[PDB]
Amino acid sequence: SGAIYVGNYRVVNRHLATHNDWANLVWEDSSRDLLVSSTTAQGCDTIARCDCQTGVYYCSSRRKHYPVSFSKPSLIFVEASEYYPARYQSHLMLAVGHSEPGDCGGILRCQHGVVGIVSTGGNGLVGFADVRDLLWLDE
Ligand SMILES: CSc1ccc(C2CC2)cc1CC(=O)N1CCC[C@H](C(N)=O)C1
Ligand SMILES: [Zn+2]
């Protein structure tokens, strides 16, 4: 679990979305595993506008923050699961680091702010759903 709260938006994994999120849908994308919904309260997370390749992510399965070197956003194949069939997930960034299924939603941050959220993982790797390109989150 985990979400990004910027202004009047809530950014979560599309596969972990709730009824409120779908009843107040702004935008959703299965290939990115992102869903953005409406909120009345004014969130304060700063989204990064950058091309950083080093950051810090939160791992709830270890109760720790970890520094990671991560890849550039790309179409990386994700094996079929209970939420999605086998496919390439766009805007995904990989890193060598610990990851477990309940880790989805954990924030990734650099000096510029929020980069993305834990979306995939396994075999000693962790994948992040990038949000730096969603310029409408601030406006
Ligand atoms: C941090 S999630 C994770 C971590 C470790 C593992 C274990 C080492 C295998 C597996 C996973 C699950 C996984 O990657 N997905 C299931 C939920 C939907 C995700 C998607 N965005 O398509 C894909
Ligand atoms: Zn940055």
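Hydrogens, waters and symmetry mates play no part in the numbers below; they use all other heavy atoms, side chains included. Numbers here simply count residues along the sequence, with the first being 1. Read the numbers this way: they start at 1 and go in the same order the structure lists the ligands and their atoms.
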Quick check: [X] and ligand 1, any N/O pair under 3.5 Å apart?
| X | value |
| --- | --- |
| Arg87 | yes |
| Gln89 | yes |
| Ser81 | no |

Which atoms of ligand 1 have any heavy atom of [X] under 4.0 Å away?
| X | answer |
| --- | --- |
| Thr120 | 1 (C), 2 (S), 14 (O), 20 (C), 21 (N) |
| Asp33 | 21 (N) |
| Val118 | 1 (C) |
| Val78 | 22 (O), 23 (C) |
| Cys104 | 1 (C), 2 (S) |

Original post:
With distance as the sole test, does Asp45 use its side chain to make a donor-acceptor pair with the main-chain N or O of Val6 at under 3.5 Å?
Top reply: no

**OP:** For the pair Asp21 (side chain) and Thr18 (backbone), establish whether a donor and an acceptor sit closer than 3.5 Å, ignoring hydrogens and angles.
**Re:** yes

Shortest protein contact, [atom] (heavy atom only):
| atom | answer |
| --- | --- |
| atom 11 (C) of ligand 1 | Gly121 N, 4.3 Å |
| atom 15 (N) of ligand 1 | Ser119 O, 4.4 Å |
| atom 7 (C) of ligand 1 | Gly122 CA, 3.9 Å |
| atom 1 (C) of ligand 1 | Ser99 OG, 3.0 Å |

Subject >> Side chain, backbone, both or neither: the part of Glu82 lying under 4.0 Å from ligand 1 by heavy atom >> reply: neither

Say whether [X] and [Y] are linked into one hydrophobic cluster, either directly or through other cluster members, by side-chain heavy-atom distances under 4.5 angstrom.
| X | Y | result |
| --- | --- | --- |
| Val12 | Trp136 | no |
| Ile4 | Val36 | yes |
| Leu34 | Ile47 | yes |

Original post:
Angle at the Zn ion (ligand 2) between SG of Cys50 and SG of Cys110, to 10°?
Top reply: 110°

**OP:** Provide the atom name of the closest N, O or S atom of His112 relative to the Zn ion (ligand 2).
**Re:** ND1

Original post:
Mind checking whether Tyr83 and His15 have parallel, tilted or perpendicular rings, split at 30° and 60°?
Top reply: tilted

**OP:** Check step by step if side chain to side chain donor-acceptor pair (under 3.5 Å) holds for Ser30 and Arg14.
**Re:** CA-CA 7 Å; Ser30 287; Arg14 200 196 176 266; 3.3 Å; yes

Subject >> Verdict with supporting geometry, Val114 and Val11, side chain to side chain contact (heavy atoms under 4.5 Å, CB included) >> reply: CA-CA 11 Å; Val114 176; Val11 184; over 6 Å; no

Original post:
Between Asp133 and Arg32, is the closest basic N to carboxylate O distance under 4.0 Å?
Top reply: yes

**OP:** Kindly write out the residues that satisfy side-chain contact (heavy atoms from CB on, under 4.5 Å) with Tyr66, not counting sequence neighbours, or none if the list is empty.
**Re:** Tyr57, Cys59, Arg62, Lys64

